[PDB]
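Beneath this line is the structure, given in structure tokens, with notes to follow.
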Amino acid sequence: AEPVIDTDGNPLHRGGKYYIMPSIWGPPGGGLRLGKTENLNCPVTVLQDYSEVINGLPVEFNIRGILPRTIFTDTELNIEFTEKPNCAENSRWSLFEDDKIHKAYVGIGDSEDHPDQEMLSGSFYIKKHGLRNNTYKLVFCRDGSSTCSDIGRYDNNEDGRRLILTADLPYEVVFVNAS
């Protein structure tokens, strides 16, 4: 395991705030934010913006304990936007099963913010993606099972791309310190 490094060369740390941006080695666009989908009018769906000029919302990483710390590729964590729409219960990322497109996608809030979609409980890790310098992927590990899946993008034409569990094309990201 190694420290996760932001675009300035600085390790990620508890209490940092970061834009998650696409690495040049994969398809482009902008940062992560929230948006409504056709049957969820509260913006509780995580979306990657189509436009490179849109930084989106900063995320911060929730970790066991409270002490200041470096974040490593083996640090179990939860991911949260630093902002929350008031129609949502929380700003923490969870996976929800969408039966329309048959994908588990990333959203915020509780089960009632995504009615009739099963909510998966688990935690995230930030893993090195391939060998390009200081690029990463997000990995989600489900509570109750011993196996994890990569996070990749999926375009459902909702003014941005969703983040889904994939076995195929991990989203390769860099972390931009928002402060």
Side-chain angles (χ1 to χ4, degrees), residues 1-26 29-34 43-49 54-86 88-96 104-111 113 119-153 162-166 170-179:
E2 37 183 50
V4 184
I5 311 297
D6 69 25
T7 56
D8 295 311
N10 300 326
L12 264 56
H13 57 84
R14 187 198 301 271
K17 306 175 177 226
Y18 302 92
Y19 303 120
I20 295 177
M21 298 295 275
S23 157
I24 196 170
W25 304 115
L32 300 185
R33 64 172 175 80
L34 298 158
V44 299
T45 295
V46 172
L47 290 180
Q48 191 235 347
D49 200 279
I54 293 311
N55 284 328
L57 298 185
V59 309
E60 62 194 341
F61 301 108
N62 263 67
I63 318 159
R64 302 212 270 301
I66 61 161
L67 294 175
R69 58 136 61 247
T70 300
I71 295 173
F72 296 85
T73 57
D74 68 348
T75 309
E76 180 172 16
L77 41 76
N78 280 102
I79 302 170
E80 307 191 342
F81 283 132
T82 56
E83 310 260 24
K84 173 187 85 112
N86 57 46
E89 191 68 25
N90 63 65
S91 73
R92 165 166 307 189
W93 291 16
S94 286
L95 274 297
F96 300 85
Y105 72 101
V106 178
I108 60 154
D110 66 3
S111 195
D113 292 313
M119 178 175 189
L120 309 184
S121 50
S123 34
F124 290 88
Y125 296 86
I126 301 165
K127 294 297 182 180
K128 254 282 179 151
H129 174 291
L131 298 165
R132 303 285 69 71
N133 294 193
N134 293 348
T135 66
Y136 302 91
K137 57 174 177 176
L138 307 182
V139 170
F140 175 74
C141 301
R142 187 172 331 198
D143 279 336
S145 99
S146 205
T147 193
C148 309
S149 325
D150 294 343
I151 293 270
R153 286 173 289 180
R162 271 139 94 155
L163 298 189
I164 60 153
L165 303 191
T166 189
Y171 182 23
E172 183 171 10
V173 304
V174 297
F175 299 98
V176 178
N177 195 326
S179 300

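Position 1 is the first residue of the sequence, and the numbers go up from there. Below, each value reflects all heavy atoms present in this structure, side chains not excepted, and no hydrogens, waters or symmetry copies.
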Look up atom [atom1] in [X] and atom [atom2] in [Y], then write down how far apart they are to the nearest 0.5 Å.
X   : Y    : atom1 : atom2 : answer
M21 : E172 : CE    : CD    : 14.5 Å
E89 : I108 : CD    : CD1   : 10.5 Å
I71 : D6   : CD1   : CG    : 10.5 Å
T45 : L34  : OG1   : CG    : 8.0 Å
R64 : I66  : CZ    : CD1   : 15.0 Å
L95 : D143 : CG    : CG    : 11.0 Å

Is it the case that more than 12 heavy atoms not belonging to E76 sit under 6.0 Å from its CD atom?
->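 Result for CD/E76: enclosed.
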Residues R162, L47; criterion side chain to side chain contact (heavy atoms under 4.5 Å, CB included); working and verdict = CA-CA 5 Å; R162 271 139 94 155; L47 290 180; 3.8 Å; yes
Return yes if some donor-acceptor pair links the side-chain N/O of [X] with the main-chain N/O of [Y] below 3.5 Å, else return no.
X    : Y    : answer
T82  : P58  : yes
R69  : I63  : no
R132 : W25  : no
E60  : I79  : no
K137 : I151 : no
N90  : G109 : yes
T7   : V176 : no

Closest approach of [X] to [Y] (non-hydrogen atoms, all atoms of both residues):
X    : Y    : result
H13  : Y18  : N-OH, 3.4 Å
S149 : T166 : CB-O, 4.2 Å
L67  : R14  : O-NE, 2.8 Å
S91  : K84  : CB-CB, 3.7 Å
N78  : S123 : ND2-CA, 4.4 Å
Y19  : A178 : CE1-CB, 3.6 Å

Hey, does [Y] have a side-chain heavy atom less than 4.5 Å from the side chain of [X]?
X    : Y    : result
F81  : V46  : yes
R153 : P22  : yes
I20  : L138 : yes
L32  : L57  : no
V173 : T135 : no

By side-chain hydrogen bond (donor to acceptor under 3.5 Å, both in side chains), which residues pair with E80, not counting sequence neighbours?
->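 Checked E80 against side-chain hydrogen bond (donor to acceptor under 3.5 Å, both in side chains); matches are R92.
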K128 to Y136, cation-pi by 6.0 Å centre distance and 45° axis angle =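 Checked: cation-pi criterion met.
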So among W93, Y125, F124, which one has a ring-ring contact (aromatic ring centres under 6.0 Å, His included) with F140?
->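 Only one option passes, and that is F124.
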